[PDB]
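**Student:** Fold the following for me, if possible:
(chains A, B, C, D, E, F, G and H)
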Amino acid sequence: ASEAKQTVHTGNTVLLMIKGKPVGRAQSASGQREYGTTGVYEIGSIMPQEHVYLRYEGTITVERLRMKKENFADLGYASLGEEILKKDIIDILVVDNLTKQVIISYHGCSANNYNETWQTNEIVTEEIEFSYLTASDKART
Amino acid sequence: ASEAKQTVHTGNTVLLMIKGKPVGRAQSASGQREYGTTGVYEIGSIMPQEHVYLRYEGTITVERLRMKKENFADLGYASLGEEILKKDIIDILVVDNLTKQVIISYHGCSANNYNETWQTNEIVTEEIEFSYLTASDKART
Amino acid sequence: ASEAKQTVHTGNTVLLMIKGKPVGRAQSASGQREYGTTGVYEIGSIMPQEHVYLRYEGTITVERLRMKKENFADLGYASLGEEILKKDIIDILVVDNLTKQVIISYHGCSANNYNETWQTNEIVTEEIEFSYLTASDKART
Amino acid sequence: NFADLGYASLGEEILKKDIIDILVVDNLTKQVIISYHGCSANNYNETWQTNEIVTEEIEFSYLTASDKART
Amino acid sequence: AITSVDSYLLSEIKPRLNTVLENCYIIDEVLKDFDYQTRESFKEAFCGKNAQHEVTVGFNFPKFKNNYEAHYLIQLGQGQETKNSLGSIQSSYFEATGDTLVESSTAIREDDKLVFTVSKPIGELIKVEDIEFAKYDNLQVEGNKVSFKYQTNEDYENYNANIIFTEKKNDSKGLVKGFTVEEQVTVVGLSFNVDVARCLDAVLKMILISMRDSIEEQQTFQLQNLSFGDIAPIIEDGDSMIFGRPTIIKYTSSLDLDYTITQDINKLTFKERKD
Amino acid sequence: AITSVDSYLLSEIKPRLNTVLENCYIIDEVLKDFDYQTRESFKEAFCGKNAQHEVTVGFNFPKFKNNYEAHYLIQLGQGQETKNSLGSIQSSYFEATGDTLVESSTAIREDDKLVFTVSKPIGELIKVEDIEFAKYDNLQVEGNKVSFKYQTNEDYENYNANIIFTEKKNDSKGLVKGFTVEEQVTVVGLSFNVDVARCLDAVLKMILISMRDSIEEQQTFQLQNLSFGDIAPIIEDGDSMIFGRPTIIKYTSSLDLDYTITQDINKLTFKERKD
Amino acid sequence: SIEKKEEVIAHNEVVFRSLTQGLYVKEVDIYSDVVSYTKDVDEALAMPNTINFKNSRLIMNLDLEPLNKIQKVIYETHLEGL
Amino acid sequence: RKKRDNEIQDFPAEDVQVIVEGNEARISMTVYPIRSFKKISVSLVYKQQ
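**Tutor:** Numbering: from 1, shown residues only, chains lettered A, B, ... in the order given. See below for the structure:
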């Protein structure tokens, strides 16, 4: 039996896709958003009379195991030097394994920092952190 | 036997409710309040002569497992871009499972930051932190 | 046998009392005091010629399990909004279970911050931090 | 306050205020450390702010300063 | 108030289990996942008011024989102390209070008030269903009845309500001494047919869920943690084996005692030093 | 909806296993690593629609004999509780909903609309394959059929599609109470020839992978964790030993119950204080 | 004799009974019209016997005998002499 | 919220009443009306010096 009213997402029901290509052996991803809320304090009140949105900052991180082929450097998505200046924006999509419907998409993603670890006793891993213009959860049912 | 004089609250005796809707698969929530107490020091005393309240800052966090439906983004409570500017305030209520009486309510809640984690070996989780104008524990017996 | 010359205090020989009322299901409490000692350095010496007391800062924290009744909010000791401004000072007493003699008392306690945690797998807990004017260990034998 | 206590004035009442003498004192024994004679006011400043404590400042000009009665 | 978890399980299980097996609709919801063959055979056997076969429940090491066709078996299990409190103090009360009860009542027409009557003295009220008595109502308690004023409530002379209240015994104020105990209890279903055991275990899981809403569970027995063992042959020395899947239930509760205080201060005299 | 993992394994395995053994191309891909001798001997025995020998599957402690030449054996294993939720609440629904289904349908020509018909009432729609209905299409559901408007979609009178939908039962809104259970189940292949066992285990691993795409697995049974034991002689008291490599499967699932609400507020009256 | 007694009314409700069959109402349709009937007096569909409920909807069906129902539970003690 | 917007000057928090009865709810509450400034009376005294 399978009652959809209580289902949740997991690692086996999600795909990470770039330019249609599913990135392989991807391990984890985290998303952050900051609206920069600030309160307004009058003289005759310790309490904040109201809150206001001021600034939108958002970053997304991706952890991956470096495949011998189609690594982020080979794919051209990342960069290692002045080649970065010629790299255009990208959109990173999280799409449902079952229906292939979209769960959340990040628009105008741009790379922030690049990390790779070479270790003796463990598989090679690399991490990338992007900064995006806007997020979207459209194209739903 | 059940002597009410010693009972305490637990995860099985509490409900988290928004706009009447009970949020599903909610895991944890924390509440913080800062009165900004400061002392007054005279010249002829190392001791603080008195303390005074100056500033009220309060935040509440919520941890949840992303259901495939009725997630904070789908519910319209959260936001992912400029849609936030059209989102009005909300009130988050913690209500007793037994009696449906209120334990504590936060008024004029506003969103501060949004966090979601996609991981391979664990269920998806998301965290939201709100900033509220005032708290209340009224409507008791 | 029981030789009092070596006895020590423990959780089973102490009571935490406010306004005569013993607070129930209290778990822990910590007390801090800072005299702000500073040295005096002359030109012809690297060593500090003397130390002097300058400023007295002290805080006490209390951890508790939120009983369904007589919680810090219901007791009126804490506050959740502008109600705080009408709350007067209190004295928090640590008294011996055996003799009901006093061990240490804090005078002119005032609330600094308020923390409460709602969790799924554990009993609800709340923490309060107070700032006090003076401490006393009088009324002994 | 100084305005309440009359040690300082806001309006034309200042012309009705005489000189003032200030002393700085040892707390232990109420011995004198230094004294200011003939103090008269020059500047008076006041501030109000949302979450700070109200701060009152005043500037005094004096005729002489003496440190006696110590010995 | 030392809590006998084993007795509580039996008290809750026996009535609720009979009710669940009484109707067929609930059983279908419970056994929705199981195949048609096992589901209906179990229903043909135990389900319905007209069921010839019946389930039984009892404690371990009885000197008689149990219905090994289908039976619930309980044994006390381990216990542990987890959390303490300063001075072992839990709570302070001004009134000697017993259990917490839920009762149903209908409003009665007095002159100035409408009043509900309850089987025992009210002591501490907790809630009347979906009423937020305002100060002008002047809600108050008297003996075994609770009263609220009549005016601008005149449509409610026939109001039918549920009341949550506590049993009052004495005015002797006292303290509570005790601590929290983490206790484990074992439960297992028994049968000579494995399919029955699996259905039996699944039925148990549901009523455990329903017990999460009970008054005793909400107030006294909290923080369920369930653990299931592997299906095993409980017995092999017989014409056929006995199969059962043990389950382990964990609870958090307080072992409390009442300490009464007689040192009530009423007088207070100030005298100045002769000097 | 208590989940019988053991039944789910049998339901998925029996059809899929027969299909895999039916063709030879898939088996070659599965057994690509194995040597030629073992690979073809297994294929000669079980592979193909014309296979005289056949594989069987069943639960433990049966009173009959199993085909010990090649057999899959299952036993329930342990179970544990891992994660809870506040008030044990999982979800809230406005409609009584059953299983989630996938059905295939062809568009039908109505006057204003093109409609698909499904075997049961639609309840909640989830997806129609590769259609993003715009607002001008005015997608809506009616009974057991789903409809979208005809204009600027006229080429699709014969559209052939798959539909994902839920079984609707009642309009009685209710809540869900339950928690998550971490369950382990054991599976083992049996033979009197070790080579067959190794091939048999490898076949199992593949269909477990394929089950990761199943509707039930994606929605109900998540977070696979597989663990393999060492090849051991299951039996020694006979003319020849029985060899089998046990495997352990772990799952995460919810033990849920439906609580129905009848307190539907419809009227709302405001009255001012008499004073 | 009686040493102590008290009477409390648990419920006051209105129950629906068919005029033809005499069976009480067990289940009803979307608009509270009957779909199932039962002989049980107590299991019968019931609603509070309050004026506000009447204004909030007897109204719906014709083969309908709207009956009132009341429950009395009595607590008593005796000292039976020898 | 209204007080924070200065729409209402004061009110009793504890005076509210709520009752629920099947599909109906009754709500009762009180709020103090605002009072405007109406009368001023003045007198003068003339004196020498």
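**Student:** who's in contact with the residue of chain G found nearest chain F?
**Tutor:** Closest to chain F within chain G is residue G:56: 6.1 Å, counting by CB to the nearest CB. Any C-beta I mention is one placed from the backbone N, CA and C, and that applies to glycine too. For residue G:56, the contacting residues are F:266, F:267, H:21, H:22, H:23, H:24, by CB atoms under 8 Å, 6 or more residues apart in numbering or on different chains.
**Student:** again, only using 7 Å
**Tutor:** Residue G:56 makes contact with F:267, H:22, H:23, H:24 under the criterion CB atoms under 7 Å, 6 or more residues apart in numbering or on different chains.
**Student:** so the third one touches residue F:268, yeah?
**Tutor:** No. Using CB atoms under 7 Å, residue H:23 and residue F:268 do not qualify as a contacting pair, with a distance of 9.5 Å.
**Student:** If you count surrounding residues, which of the two has more?
**Tutor:** residue H:23 (15 against 10; other CB atoms under 10 Å in any protein chain shown).
**Student:** and the residue nearest to that one when sequence neighbours are not counted, what element?
**Tutor:** Leaving out its chain neighbours, the residue that sits closest to residue H:23 by CB to CB, 6 or more residues apart in numbering or on different chains is residue F:266, at 4.3 Å. If you go by DSSP states H and E, residue F:266 is not part of any helix or strand.
**Student:** Which strand in chain G has the most residues?
**Tutor:** If you go by DSSP state E, chain G has its longest strand at strand G:2-17.
**Student:** What is it packed up against?
**Tutor:** Under the contact definition 3 or more CB pairs under 7 Å, 6 or more residues apart in numbering or on different chains; DSSP states H and E, strand G:2-17 sits against strand E:96-106, strand E:160-170, strand G:24-28, strand G:46-48, strand G:65-78.
**Student:** residues of the first one that come out buried?
**Tutor:** Spelled out, that is strand E:96-106. In terms of neighbour count (16 or more other CB atoms under 10 Å in any protein chain shown), strand E:96-106 has its buried residues at E:96, E:97, E:98, E:99, E:100, E:101, E:103, E:104, E:105, E:106.
**Student:** hmm, who's touching it?
**Tutor:** B:1-5, E:116-119, E:123-124, E:158-170, E:172, E:174, E:215, E:219, G:8-12.
**Student:** And the helix or strand just after that strand, what does it pack against?
**Tutor:** Moving toward the C-terminus from strand E:96-106, the next helix or strand (DSSP H and E) is strand E:108-109. When contacts are defined as 3+ CB pairs under 7 Å, 6+ apart, strand E:108-109 sits against strand E:113-117.
**Student:** elements contacting the strand it packs on?
**Tutor:** Under the contact criterion of 3+ CB pairs under 7 Å, 6+ apart, strand E:113-117 touches strand E:108-109, strand E:145-149.
**Student:** now the angle from the helix or strand encompassing residue E:177 to strand E:96-106?
**Tutor:** Using DSSP H and E, the element containing residue E:177 is strand E:174-190. Going by axes from the mean of the first three to the mean of the last three CA atoms, to 10 degrees, strand E:174-190 is angled at 70 degrees with respect to strand E:96-106.
**Student:** Near chain G, which residues of chain H? Just list them.
**Tutor:** The interface of chain H toward chain G, taken as CB under 7 Å from any CB of the partner chain, is made up of H:21, H:22, H:23, H:24.
**Student:** mind giving me CSV with the residues you listed and columns for secondary structure?
**Tutor:** Formatted as CSV, those follow (DSSP: H, G, I helix; E, B strand; the rest coil):
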residue, secondary structure
H:21, strand
H:22, coil
H:23, coil
H:24, strand
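**Student:** Most neighbours of all the residues you listed, which one?
**Tutor:** Neighbour count (other CB under 10 Å) singles out residue H:21 as the most crowded of the residues of chain H next to chain G, with 22 neighbours.
**Student:** what's near enough to touch the nearest residue to that one once chain neighbours are set aside?
**Tutor:** Spatial nearest neighbour of residue H:21, chain neighbours left out: residue G:52 (5.2 Å); criterion: CB to CB, 6+ apart. Taking CB under 7 Å, 6+ apart as the criterion, residue G:52 is in contact with E:155, H:21, H:24.
**Student:** Could you rerun that using 10 Å?
**Tutor:** E:155, E:156, E:158, E:159, F:267, F:269, H:19, H:21, H:22, H:23, H:24, H:26 (CB atoms under 10 Å, 6 or more residues apart in numbering or on different chains).
**Student:** what's near enough to touch the closest residue to residue H:16 other than its chain neighbours?
**Tutor:** What sits nearest to residue H:16 in space, not counting adjacent residues and going by CB to CB, 6+ apart, is residue H:29, at 4.5 Å. Residues near residue H:29 by CB under 10 Å, 6+ apart: E:134, F:270, F:271, F:272, F:273, H:11, H:12, H:13, H:15, H:16, H:17, H:18.
**Student:** How many residues are close by the closest residue to residue G:65 other than its chain neighbours?
**Tutor:** Spatial nearest neighbour of residue G:65, chain neighbours left out: residue G:17 (4.4 Å); criterion: CB to CB, 6+ apart. By other CB under 10 Å, the residues close to residue G:17 number 18.
**Student:** so residue G:17 sits right up against residue G:40, yeah?
**Tutor:** No. Using CB atoms under 10 Å, residue G:17 makes no contact with residue G:40, being 11.3 Å away.
**Student:** Need the overlap of contacts for those two.
**Tutor:** In contact with both residue G:17 and residue G:40: G:23, G:24, using CB under 10 Å, 6+ apart.
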